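[1] sequence first, structure after, both from an experimental entry:
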There are 4 protein chains.
Amino acid sequence: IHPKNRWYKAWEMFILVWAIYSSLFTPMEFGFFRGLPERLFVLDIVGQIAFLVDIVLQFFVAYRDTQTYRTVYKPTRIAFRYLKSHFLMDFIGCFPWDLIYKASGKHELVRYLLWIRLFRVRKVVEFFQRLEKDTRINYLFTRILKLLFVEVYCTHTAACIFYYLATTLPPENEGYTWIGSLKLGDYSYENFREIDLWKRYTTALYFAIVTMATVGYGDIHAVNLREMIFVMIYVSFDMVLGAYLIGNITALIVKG
Amino acid sequence: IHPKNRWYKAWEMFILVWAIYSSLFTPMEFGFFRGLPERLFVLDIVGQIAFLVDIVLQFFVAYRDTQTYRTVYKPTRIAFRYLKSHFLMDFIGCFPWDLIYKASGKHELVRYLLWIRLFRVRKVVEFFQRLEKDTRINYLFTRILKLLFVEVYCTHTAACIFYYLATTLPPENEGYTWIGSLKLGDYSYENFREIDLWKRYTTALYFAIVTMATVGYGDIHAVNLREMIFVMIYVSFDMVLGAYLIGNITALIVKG
Amino acid sequence: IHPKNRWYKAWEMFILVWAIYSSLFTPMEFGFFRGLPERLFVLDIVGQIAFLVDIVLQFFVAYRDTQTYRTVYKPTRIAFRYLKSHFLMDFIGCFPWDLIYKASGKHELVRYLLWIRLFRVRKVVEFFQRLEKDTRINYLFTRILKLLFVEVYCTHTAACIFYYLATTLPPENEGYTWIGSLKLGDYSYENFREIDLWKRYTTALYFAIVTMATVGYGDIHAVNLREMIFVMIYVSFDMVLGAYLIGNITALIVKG
Amino acid sequence: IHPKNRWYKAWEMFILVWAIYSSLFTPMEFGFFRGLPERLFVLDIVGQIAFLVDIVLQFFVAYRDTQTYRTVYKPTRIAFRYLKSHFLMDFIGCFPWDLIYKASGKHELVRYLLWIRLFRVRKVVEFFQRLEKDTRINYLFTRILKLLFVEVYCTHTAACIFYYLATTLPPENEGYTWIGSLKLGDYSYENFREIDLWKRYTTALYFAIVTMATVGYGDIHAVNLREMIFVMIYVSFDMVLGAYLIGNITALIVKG
Ligand SMILES: [K+]
Ligand SMILES: [K+]
């Protein structure tokens, strides 16, 4: 269909909302939750069918050729472009993956793969690129907004992994972990696997946002080797991200 | 009355001092104090009548039209301008609000409303923009001064809220709070509701200025969920504020 | 004498070295030491007579007028300049001030005044100006070097005051202090007034350089109200200093 | 031999890998290891003969004269260039130094000399300069990459020294040290000289990466005087390195 189709824009925004949800919830699902409770099952079904329908619509939509100004309309050409660009990855990240893990003898390697659903963030960067090409905004403000969104997103998906790393150890050796050795005030996170989900998520995101901003109170810190190797990796990338953010903001201020 | 009235400058500078006081004391009043002691009774009344006199004077004063260079004088449209722009908010933030709370069965929701007095910082930013207009100072130095004042002000108004959040919990569950769990040296902040006001304010502002500068010693930290959700919100905004400040300073140096 | 007197350069560098010593040792003398031991007495005498000889030499030197290019040689005007500019402040900070304190009943207010010797840092500032006007170097590199020297100097003079603030409290109430409540490893700084001078200086400068760089480990922190009010003042100025340093470095890189 | 020799490029890239290994392993060898185990015997010999072969090949390679565009070819002047340039240091840092220490009655001063092998990073900066002159990449991206590599390298070589400083103290006075006084979770680093090599390296690099990024959790900190004097030196240089990195990134962003 014509890219300028007015309902196609509404479909794009709907898919954007679903992609935002599926990129903010996938790291939580791999992390805090293990084998999702039966309540959120319908959410999984709805998301997967919605993204499959998006795949079909992409298969049935016309595109603008990049070599020259030529809005092509031949179905085979768009089919080759889609199949060669990213069609395989999205389809692989479209099968219900929780179901496979829950069926095939609860194997952790299967659950180690819903990370591939992170490819849905391509929709978000697509929207950022579209907003850039709009002349209403400036070249740099789009870059700063994109950089800030990426920093905030990597912070949440780093908090999720940082909590996950606490579940790798057996639940007898829980004292030798970032959570389970925590003692804030008069509250001890002894059996952290049994606390409310939101308490654990807030505790794990506290650590991530007092490091992405380089405050580091030190009330929550890595205790194992896995967690140390993860913290050094996280900070060595957040530093470059923050440097880029500061550089872009300064460039916006200088260009006037 | 003409804007160039020489006593009008004196009135503006006097209202500026009152606005500074009412913007640096409102978060303290919502925070550390609860139902202001009888000693400070007269100060509230004096401030409210002073700001009401400012309101009526703003009603009876000429303005400069923004569409074109016209120093207009006709009262009806100056009245309409005042009414639509900000007349409602200042008047709502002009009623004695401590009195209403102390009368109507000490309801916390009433006390949750003096935050509306923060609109008086409009006078401060008005002065900053006026100094921006003056050719005595540069375009960027005004921006750096404004950004530094906003950072320092939000730090104090964040310290006040951070202390307040420790008073939401009942005073039996006092050991699970940012304060009351503190132990500095050989001094334990056990009954923090009973310590001298200035000790509590200094302790709470210490935390705010060792996070606004991103030092984070870690001797004072969030312990509850409210306090964590507040610290993550505070740092995620102070980071952007500091990035903007650094960018503006760098731009001033570059264009220098 | 002629400003281009070749031995006058040697005298200027000699005075510069003495100014370095007297600006890096005055805060230590006000701080860690109280009523200097008899050993360093000759050092005090030599320093004061050296600066008095500098006073008389500057009284007996010619200058170049600032209103226009006029190397004036008339004694009355060259005397009037130094009389009105800084003769008083350089001379009050030239009397032996330790002797007065040790004589007049060991009064602390007298010892609270050798801070006036810090005006000798204007010699270092003038040296930086001399390096600036020289075309051998760039305009910005001089600024970055000056900024880095000021940052490092204020760090040492902040460490000295931070240790001094620990001596204001009586030596019974010593546990309620940043030092005396310290416990690093298995070493407890119990009687901190009796430890070796260099241990105390290194401990106090550790804190200053892990805050001037905004690291803040948190092993050393303010415990009283004096120390908190001092730390908030120190960080709120080191932040601006670091922002200025980063801006100047970025400007040098950009203009390069 | 003509510098444009195609096998000479392969030899240069091979010596580059060896230089990477010898610059990332020398600080570890001076640090964590003391008198390398017999297993790693062959690696040292292979490296030293490889660098000796590089030295003789440099003695038998043609070079480009810097005064004018002249690809000289006469062996005497290439020999003079080598001898006057950095050749003695390469030879001194080519003798097996572990062997000398293990033979000459295990004297620590001999082991204090393999630091001279750090001159091999000259090959890495040679490659960075070659990449700079290649027009494929920009002038600033080369500088940012070089700055980031230097920061990351100095962080590892600072972690190695920070662990080494823990071995200077006798193993009875082990509690008064940054490691050996550590207590992370329920694991106490009591006999730190007996833990696995990789645990100690990760623990010491954790500290270095959470200070090079200025996070400073405070779970690992200096306890002695040696370690404090080292931390103040490390931070006062990492700050300038980070400022330079931010400035270069900002200059790249502004340059468009
Ligand atoms: K920090
Ligand atoms: K800390």
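    Perfect, I can see it now. Residues are numbered from 1 along each chain as shown, chains lettered A, B, ... in the order given. Ligands and ions are numbered 1, 2, ... in the order given.
[2] what segments of chain A are strands?
    Using DSSP state E, the strands of chain A run over residues A:183-184, A:187-188.
[3] direction included, what does the first one pair against?
    Strand pairing for strand A:183-184, determined by DSSP bridges: strand A:187-188 (antiparallel).
[4] other residues contacting the partner strand?
    Judged by Cβ atoms under 8 Å, 6 or more residues apart in numbering or on different chains, the contacts made with strand A:187-188 from elsewhere in the structure are A:182, B:176, B:223. (C-beta placed from N, C-alpha, C; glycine too.)
[5] was I right about the first one contacting residue A:207?
    Think residue A:182. No - using Cβ atoms under 8 Å, residue A:182 and residue A:207 do not qualify as a contacting pair, with a distance of 9.9 Å.
[6] can you list residues touching both of the two?
    Shared contacts of residue A:182 and residue A:207, defined by Cβ under 8 Å, 6+ apart, are found at residue A:220.
[7] who has more neighbours, those two?
    residue A:207 (28 against 19; other Cβ atoms under 10 Å in any protein chain shown).
[8] quick one: residues contacting the more buried one.
    Contact analysis of residue A:207 by Cβ under 8 Å, 6+ apart lists A:159, A:162, A:178, A:220-221.
[9] just give me the closest of those residues to residue B:199.
    Using Cβ to Cβ, residue A:220 is the member of the contacts of residue A:207 that sits closest to residue B:199, with 27.4 Å.
[10] now residue A:31: closest residue in space, sequence neighbours ignored.
    Beyond its immediate neighbours in the sequence, the residue positioned closest to residue A:31 (Cβ to Cβ, 6 or more residues apart in numbering or on different chains) is residue A:160, lying 3.7 Å away.
[11] can you check residue A:128 too?
    Distances taken as Cβ to Cβ, 6+ apart put residue A:146 closest to residue A:128, at 4.7 Å, once the chain neighbours are dropped.
[12] burial measure for the closest residue to residue A:110 other than its chain neighbours, as a count.
    Using Cβ to Cβ, 6+ apart and skipping residues adjacent in sequence, the residue nearest residue A:110 is residue A:101, 4.0 Å away. Other residues lying near residue A:101 total 21 when counted by other Cβ under 10 Å.
[13] OK, contacts around residue A:101?
    With contact taken as Cβ under 8 Å, 6+ apart, residue A:101 is in contact with A:35, A:107, A:110-111.
[14] show me how to select, in PyMOL, the buried members of the residues you listed.
    Below is the selection syntax for PyMOL that covers the buried ones among those, with 16 or more other Cβ atoms under 10 Å in any protein chain shown defining burial:
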select buried, chain A and resi 110+111
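[15] narrow the contacts of residue A:101 to those in helices?
    A:110-111 (DSSP state H).
[16] now the contacts of residue A:101 as TSV including distance to ligand 2?
    Compiled in TSV, the contacts of residue A:101 are given as follows (distance: Cβ to the ion, whole Å):
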residue	distance to ligand 2
A:35	37
A:107	40
A:110	39
A:111	35
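[17] can I get the contacts of residue A:101 in JSON lines with distance to residue D:15?
    Listed next are these as JSON lines, based on distance: Cβ to Cβ, whole Å:
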{"residue": "A:35", "distance to residue D:15": "53"}
{"residue": "A:107", "distance to residue D:15": "46"}
{"residue": "A:110", "distance to residue D:15": "46"}
{"residue": "A:111", "distance to residue D:15": "45"}
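[18] out of the contacts of residue A:101, who's nearest residue D:45?
    Taking Cβ to Cβ as the measure, residue A:107 is the one of the contacts of residue A:101 closest to residue D:45, at 46.9 Å.
[19] return the most buried member of the strands of chain A.
    Using mean count of other Cβ atoms under 10 Å in any protein chain shown, the stretch among the strands of chain A with the greatest mean number of neighbours is strand A:183-184 (a mean of 16).
[20] which one of the strands of chain A lies nearest to residue B:54?
    Using Cβ to Cβ as the criterion, the shortest distance between residue B:54 and the strands of chain A is 46.6 Å, found for strand A:183-184.
[21] how about the closest residue to ligand 1 within chain A, what does it touch?
    Across chain A, the shortest distance to ligand 1 (Cβ to the ion) belongs to residue A:216, at 4.8 Å. With contacts defined as Cβ under 8 Å, 6+ apart, the neighbours of residue A:216 are A:210, B:216, B:218, C:216, D:210, D:215-218.
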